[PDB]
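quick one: initial chain(s) of a complex, as found there:
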Amino acid sequence: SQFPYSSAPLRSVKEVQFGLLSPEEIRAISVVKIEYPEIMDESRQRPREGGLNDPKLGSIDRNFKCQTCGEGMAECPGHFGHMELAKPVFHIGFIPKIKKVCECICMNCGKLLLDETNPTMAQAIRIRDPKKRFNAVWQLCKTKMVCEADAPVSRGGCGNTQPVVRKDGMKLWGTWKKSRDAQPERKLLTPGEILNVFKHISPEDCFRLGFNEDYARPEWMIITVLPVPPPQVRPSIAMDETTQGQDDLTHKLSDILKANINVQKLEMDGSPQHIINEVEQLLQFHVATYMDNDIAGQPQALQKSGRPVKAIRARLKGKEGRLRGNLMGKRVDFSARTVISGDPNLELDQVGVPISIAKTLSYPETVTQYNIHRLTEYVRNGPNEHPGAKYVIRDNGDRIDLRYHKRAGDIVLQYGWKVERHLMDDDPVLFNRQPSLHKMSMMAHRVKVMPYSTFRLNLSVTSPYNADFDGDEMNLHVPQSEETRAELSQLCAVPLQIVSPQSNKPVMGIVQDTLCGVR
Amino acid sequence: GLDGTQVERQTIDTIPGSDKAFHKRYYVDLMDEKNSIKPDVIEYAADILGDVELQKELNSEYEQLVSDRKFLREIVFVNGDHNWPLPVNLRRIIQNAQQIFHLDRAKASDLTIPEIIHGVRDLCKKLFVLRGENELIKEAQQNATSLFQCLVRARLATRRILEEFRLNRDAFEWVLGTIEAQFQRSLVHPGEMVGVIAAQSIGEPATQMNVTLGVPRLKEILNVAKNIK
Amino acid sequence: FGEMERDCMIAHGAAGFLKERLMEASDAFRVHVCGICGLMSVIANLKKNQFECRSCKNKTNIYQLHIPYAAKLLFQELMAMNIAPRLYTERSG
Amino acid sequence: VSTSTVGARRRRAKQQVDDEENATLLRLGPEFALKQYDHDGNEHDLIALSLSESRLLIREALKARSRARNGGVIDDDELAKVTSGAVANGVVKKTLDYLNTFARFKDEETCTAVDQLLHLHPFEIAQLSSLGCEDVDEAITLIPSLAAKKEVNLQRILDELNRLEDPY
Amino acid sequence: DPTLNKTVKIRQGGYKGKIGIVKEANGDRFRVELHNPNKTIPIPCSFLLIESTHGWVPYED
Amino acid sequence: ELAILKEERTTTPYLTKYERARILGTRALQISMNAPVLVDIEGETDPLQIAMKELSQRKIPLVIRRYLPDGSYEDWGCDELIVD
Amino acid sequence: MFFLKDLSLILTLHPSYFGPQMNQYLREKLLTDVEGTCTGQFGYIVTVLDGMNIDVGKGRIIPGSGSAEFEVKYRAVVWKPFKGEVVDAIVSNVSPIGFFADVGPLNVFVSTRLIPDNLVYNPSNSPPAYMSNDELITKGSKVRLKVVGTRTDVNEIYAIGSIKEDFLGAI
Amino acid sequence: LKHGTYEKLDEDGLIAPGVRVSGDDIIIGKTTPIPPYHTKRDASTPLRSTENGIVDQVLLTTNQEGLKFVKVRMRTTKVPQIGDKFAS
């Protein structure tokens, strides 16, 4: 409802397909090329196009509408931008997998070290699971020390003894034992070299290795074009009002851009194979850090403050991360927290709500013939008087703030409209105590507005909450629809939780003074 | 298929007790009147005596009870414990029946034995848990309610009904109806996220707490430690 | 609305309440997707009522979704992470 | 907004040239495949109808709908006014006039005769039914999809279509 | 209403003879905070004594 | 194909609590936003009370579609489900 | 050449329209809103088959909105050109850059470079028309042209006719 | 500018002691010049929306750097009531 209309049909997701991003697709979806490292045009507003703050990416300020989609803060989801890397670089997360893939295939012919002739692999291919099949294939291929030139009818092999490779941090060392004994001429497997190797792999080995032609194509495990997230993903913090600081991602992206430009400038002049090496390793380092900043056995990139950087992996992991910080759990609206107090004169499922909270929280209500008069009375009562309403919502979603509407007498409700009345008697409202060990730790009560500023409970229902009136606090979550009210009333009503499925016994009972009195 | 909030600790009558006691309590006799149903409590006492079809029906019932006793005492509860959670109180249902119809006094019942046996047996075949006609479905249905049916037979025995309870016809019929309804009300509901419920019910007690026992033992079990302490 | 609260709500099986309590009373959002690539790159201009997935050159197979804004954000890192989670409103098996 | 009957069709790594609609080379797109499936999944063959039989079906359906609307109680315009909407009315009148002014068969009996004559890929046969030519030479010259098929039988079918040609 | 943010007293009601200052004046009902406790109260426009150049003036500004 | 014919419907005939809650919520929502009322009302203004009153009479035009684990499904009319 | 196909539409009924003959209400709404709509995948939606026995199935209730979502499947016949297909045409008007030709619902443009040379524009002839050897083109006159460019504009396709090839012009 | 009201502010940008205040009441008016008229932006210090009291004593002086340095001390009385906490 609150969303503006769209002609596109609305549906619900059903399947999420993973996979890597092909460079050509990256280019296709990007709307601009990011080349200039300095974010700001001339320190006089209108940041420079071609830089990290390109307005086509998406507007982040209210008064500017996105040059690409034409929407404001409401809808503009941020529009990617690509960036071309001069030199192919490893993708940090896929180093061990790339190592295993290289082991399983040839260095020159670029095919599996073995054919289907071997019965072990002949069976291994049949395994439907890509991951287990890959595990078996690696077990059966890492043994072969040499890529044979002849079928174990030439197999098309290279004949070169397949090198033994041992990972070293950000770099890969391949060890060859050349023809009885020779000097081991190991060397650093360059990302571009392996990329060119992978480009020649046929679909047969691809699928045999558990990969996919359309979605997971192995050479895509090496970075060539780095997409650039819009400003939304990396918004500009405001240390104090006017002065806005650069999010760590902004610094990291600008640094990678500078380094990439720098590599592009070595080839045109004296590049004595040692400036090239260190500089490209530096570029690899910033790329890896911007992708993850917790690599074992290596020092950690830092800001000039000395604090370690905020890599995306760090963002996602941890309790504070997205999954456990804003996806499963999230701070919600229409709640309240306060102190509790016993009150023997409340029925079991009732609950005392301080009047101020009742006046503050609100539950939308639709306008009908059965309530038109009552709702109109509420509206006349104003938001500062209880009972009374706070907002009126039109059929099209237009809101009315009754605080600033001096002309409330000039309002006549229309059927189908929605009124956010105060939290009135008999309403069903959830009620929780943290921690919520077991499902009895949170039930739905019936509201009964009372003065003073504490929630009130029937002394019996503490038992399930394991709560005492010595300063404990409990939360109150209000529904915001009619169905939700139905579920709360029918599934989470306190009376329906009297018997606990844990031990098929009653959970609440007579406690404290009532018990010692009845005895 | 029983929801965790619809069971109670009841005693299965047939499990404990000596062979002599079981015989004396459940076994009917028509040839020896010293071991036959008391006449006053039944209006048709004279009719029953010296009959055979009644005798064969009641021998079948007693055989079913003996089979139940042997089955439970050998297979299910070897130690002999006879108190186990099960759905539907029977004591409470019976005493509700008694109060409702004022079954006090020594009024002779008007309830024929074949009525009793046929009603009980029919009830045993109506406690639906799975509704399907597949051979496998029927076998599973029979397997599921086996213990509960054993209990029902242990309770609604002819001697017990006609002496200790003295139900009339209406009371017995209402009891059967109530048993059916209560059982059908005591099943798990499709969609119940029983997994989370089990998780919470198992975790919560641990919070309230030469071999090692307690939290360390539970932690060892959960991780499947190969070499426990 | 911590995790354990989510689990408690599941326990009672109050699905719709959990759904709205994590969308409507919190960071709701709407987006558009291309039904071919299954990405979120559709160029939508509502007042121009025009849409396009440039990579697919598509202008008719377009769907919109209602998802938590944090979900959109996570997907945006993941694309920025060189991983493409494609969303399809249909099952293929 | 308007739905289809074919599902999936996600992105594919290996593309094809067989997309842009072509009658000569028979690239009809994925929406007119060789053997399609209907709403309920019953195997249904592709259907293409000549101008005359399309006119017959359109006219009969439109008049049936007009009768149903009118509750118990024929020309293109009066068969075009049944439709509602200015744009819908215009398009239906124009297409009905096209059917009238190019349908090679008009009445029920002539259409029945030609259909029985006609009743291998359905497209060529349907286009042959819709396309009338004086001789085999012209039929092949205007239709490049049947120049070489090792089974001609165009001359007799063309002569039949000619003999059923109504006087003008 | 340009008559906001001016000290106003009350003449009839339960808070008779108390000082205060107008806060919101949407119309026909003035919400004037009370100086003695930490609370605000509403009161119609007819039950207010307005501070002015001379003494206290009823609602005739 | 996916639907199961009325004669072999095997699921429990009763009405599960979850079905009860969903039906009540849906009906109340519908009524509360200008929908027809299939039964008379005497003095009750709340849509949800109206919903339970309607259910108690077995007068609800809703068909529950139960999805079996495989994917096949059967459908029950709210008029034919035994409500406790 | 026309196609007969099975087509379906998605309907979202407000609950205020909950009554016995909602089926017929949806049927007539579909009839009203289906015709005259053109798409690049199917084309000119002109007619509907079985306008009285549409099988709407069973509607699905949308949660969170309460509206009834209907998968209205049906059968309809519609038309759309394809390049490499030859069908006669009817001219409608005349312009310097190519005489407009209305092939039924659509209109045909002709390039200035895909027209016979012996045929020239003569506004003096009354009514205006083009002349040639034993060939005369006028509104409502059967003219053969080939359409090989199909650039659908989502709302109305753009077709171009050429009369510069053999056995092309007016029969 | 802040949604509250500035009326209790003096002409010198401060609020005098002995006056009453409340939530969303701007007790200090500070304006920052906008980097290039209408080149000024607020830097006020509104009172916490959930606190009320009586301005008690305003302290005005110069910081280490000679810039004007202010401090405002509001006071109020807390009446014991329901919900409070006590302990022997």
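Cool, the structure landed. Numbers count the residues shown, from 1 in each chain, chains lettered A, B, ... in the order given.

and residue A:474, which of the three is it?
With DSSP: H, G, I helix; E, B strand; the rest coil as the basis, the three-state label of residue A:474 is strand.

Please name the bridge partners of it.
Beta-bridge pairing of residue A:474 under DSSP bridges involves residue A:338.

burial measure for it, as a count.
20 (other Cβ atoms under 10 Å in any protein chain shown). Just so you know, the C-beta spots here come from the backbone N, C-alpha and C atoms, and that holds for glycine as well.

mind checking how far it is from chain D?
Between residue A:474 and chain D the distance, using Cβ to the nearest Cβ, to the nearest Å, works out to 49 Å.

now do residue A:133
Separation of residue A:133 from chain D (Cβ to the nearest Cβ) stands at 20 Å.

Name the nearest residue to that residue, sequence neighbours excluded.
residue A:127 (4.0 Å; Cβ to Cβ, 6 or more residues apart in numbering or on different chains).

Can you report how many residues neighbour the residue in chain B that chain C sits nearest to?
Nearest residue of chain B to chain C: residue B:196, at 4.9 Å (Cβ to the nearest Cβ). Using other Cβ under 10 Å, residue B:196 has 19 other residues around it.

Next, the contact list for it, please.
Counting by Cβ atoms under 8 Å, 6 or more residues apart in numbering or on different chains, residue B:196 makes contact with A:439, C:7, C:10, C:11.

Can I get stretch F:76-84 in CSV? Just the C-alpha atoms.
Coordinates of each C-alpha in stretch F:76-84 appear next as CSV, following Å, rounded to 0.1, in the frame of the first residue of the first chain:
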residue,chain,number,x,y,z
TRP,F,76,-11.6,-29.0,1.6
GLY,F,77,-14.6,-26.7,1.8
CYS,F,78,-15.0,-24.9,5.1
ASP,F,79,-18.6,-26.1,5.1
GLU,F,80,-17.6,-29.7,5.4
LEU,F,81,-14.9,-29.7,8.1
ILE,F,82,-15.8,-30.8,11.6
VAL,F,83,-15.1,-27.9,13.9
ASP,F,84,-14.6,-28.8,17.6
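
how far away is the residue most central in space within chain A from residue C:70?
Centroid-nearest residue in chain A, with Cα atoms, centre = their mean: residue A:322, separated by 4.5 Å. As judged by Cβ to Cβ, to the nearest Å, residue A:322 and residue C:70 stand 6 Å apart.

Go ahead and add chain I:
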Amino acid sequence: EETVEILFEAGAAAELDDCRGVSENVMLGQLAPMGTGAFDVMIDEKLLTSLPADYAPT
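With chain I added, the chains above now look like this:
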């Protein structure tokens, strides 16, 4: 656990998630297949035909 590791493995293997779990639909803010969301509600017309004649939709 080990979120980024799982995501990397899935991306490498192009794993497909059917969105028939609980946590999935929770993330995507969809009615989970459970509790009140373990079925679907279809509006019938066979029974609604029984409405009196003046109940016909406009």
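
In light of the added chain I, please revisit the neighbour count of residue B:196.
When neighbours are defined as other Cβ under 10 Å, residue B:196 has 21 of them.

That one - that's part of a strand, no?
No - Residue B:196 is assigned helix when assessed by three-state DSSP, not a strand.

what's the distance between it and residue B:202?
Residue B:196 is 11 Å from residue B:202, by Cβ to Cβ.

do the same with residue A:244
According to Cβ to Cβ, residue A:244 stands 51 Å off from residue B:202.

wait, isn't residue C:75 in contact with residue C:39?
No - with contact defined as Cβ atoms under 8 Å, residue C:75 and residue C:39 do not form a contacting pair (9.2 Å).

Could you spell out the sheet neighbours of the lengthiest strand in chain I, each with its direction?
When chain I is parsed with DSSP state E, its longest strand is strand I:39-43. With DSSP bridges as the test, strand I:39-43 is paired with strand F:62-67 (antiparallel), strand G:59-61 (antiparallel).

In stretch A:474-481, which residues are buried?
Buried residues in stretch A:474-481, counted by 16 or more other Cβ atoms under 10 Å in any protein chain shown: A:474, A:475, A:476, A:477, A:478, A:479, A:480, A:481.

The fourth one reaches residue C:2, doesn't it?
No - between residue A:477 and residue C:2 no contact is recorded; they are 11.9 Å apart, counting by Cβ under 8 Å.

before we move on, the earlier item: contacts only, for the residue nearest to the centre of chain A.
Applying Cβ under 8 Å, 6+ apart to residue A:322 gives the contacts A:315, A:316, C:70, C:73, C:74, C:77.

Distance check, it against residue I:24.
15 Å.

Same question for residue A:239.
39 Å.

In terms of packing, which of these two has more residues around it?
Higher neighbour count among residue A:239 and residue I:24: residue I:24, with 17 against 8, using other Cβ under 10 Å.

and that one, how far is that from residue A:330?
16 Å.

And for stretch A:239-246, what's in contact with it?
Contacts of stretch A:239-246 (Cβ under 8 Å, 6+ apart): A:39, A:236, A:237, A:238, A:254, H:32, H:35, H:41, H:43.

wait, stretch G:23-32
With contacts defined as Cβ under 8 Å, 6+ apart, stretch G:23-32 is touched by D:84-85, D:88, G:9, G:11, G:13, G:17, G:48, G:51-52, G:54, G:56, G:70, G:72, G:74, I:45, I:57-58.

build in RNA strand J:
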RNA sequence: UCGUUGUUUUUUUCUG
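To build on what is shown above, here is RNA strand J added in:
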């Protein structure tokens, strides 16, 4: 003249 926005980052001592 509706409209009308207010930081992050850590660390700390606390509450149940």
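
can you check the neighbour count of residue B:196 again with RNA strand J included?
Neighbours of residue B:196 (other Cβ under 10 Å): 21.

how near is it to chain H?
Counting by Cβ to the nearest Cβ, the separation of residue B:196 from chain H is 34 Å.

Can you show me the strands along chain E?
Using DSSP E, strands in chain E cover E:8-10, E:20-24, E:30-34, E:39-43, E:48-51, E:56-57.

Establish whether stretch A:428-438 and chain B are in contact.
Yes - counting by Cβ under 8 Å from any Cβ of the partner chain, contacts between stretch A:428-438 and chain B involve A:437, A:438.

which of the residues in stretch F:35-46 are buried?
F:35, F:36, F:38, F:46.

Let me know the closest of those residues to chain A.
Closest to chain A, out of all of the buried residues of stretch F:35-46 and judged by Cβ to the nearest Cβ, is residue F:46, at 7.9 Å.

dump the residue contacts of residue A:250.
Contacts of residue A:250 by Cβ under 8 Å, 6+ apart are A:39, A:52, A:234, A:236.

let's see 7 Å
A:39, A:52, A:234 (Cβ atoms under 7 Å, 6 or more residues apart in numbering or on different chains).

Based on its surroundings, how many neighbours for the closest residue in space to the last one that isn't next to it in sequence?
Think residue A:234. Counting by Cβ to Cβ, 6+ apart, residue A:234 lies nearest to residue A:249, which is 3.8 Å off, once chain neighbours are set aside. Counted with other Cβ under 10 Å, residues neighbouring residue A:249 total 23.

Who are the contact partners of residue 66?
By default, I'm working from chain A. A:58, A:59, A:76.

wait, I meant chain D there
Contact analysis of residue D:66 by Cβ under 7 Å, 6+ apart lists residue D:82.

Am I right that it falls within a helix?
Yes - assessed by three-state DSSP, residue D:66 belongs to a helix.

related to what we said a few turns ago, nearest to residue B:65 among the buried residues of stretch F:35-46?
Each of the buried residues of stretch F:35-46 was checked against residue B:65 using Cβ to Cβ; the closest is residue F:38, at 52.5 Å.

where does that closest one land in three-state SS?
coil.

Who are the contact partners of it?
F:54, F:59, F:61 are the contacts of residue F:38 under Cβ under 7 Å, 6+ apart.

which one among these gets closest to residue D:4?
Using Cβ to Cβ, residue F:61 comes nearest to residue D:4 of these, at 31.0 Å.
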